[PDB]
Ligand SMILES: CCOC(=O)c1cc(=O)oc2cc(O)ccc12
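Quick setup: one chain, the form solved without the ligand, written in structure tokens, and binding and motion questions come after.
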């Protein structure tokens, strides 16, 4: 039901399995635990919020998805890697 995503700085993010399958890369992985040696906390947290935001508002007026310009490049790289 839930999967555990681990960041490079050792944070664990417990997300619903169905939400995490928004990522094509993660969907290719799947135990209940995926390790990311290259994605830091402040990026992986946003990635997780994206999963939920997408599942909820896909086929919904859609509110903005907030991204600080300071995290955007790292987020871009992460999202590319994650295929989402």
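Positions refer to the first chain, counted from 1.
The discussion below concerns the form solved in complex with the ligand, not included here.
For residue 78, a non-hydrogen atom is located within 4.5 Å of the ligand in the deposited complex, even though that partner is not displayed. Looking at residue 33, you'd find every heavy atom of it more than 4.5 angstroms from the ligand in the deposited complex. Contact annotation for residue 48: none of its heavy atoms lies within 4.5 Å of the ligand in the deposited complex. Mapping the unseen interface onto this chain, residue 43 counts among the residues with a heavy atom inside 4.5 Å of the ligand in the deposited complex.
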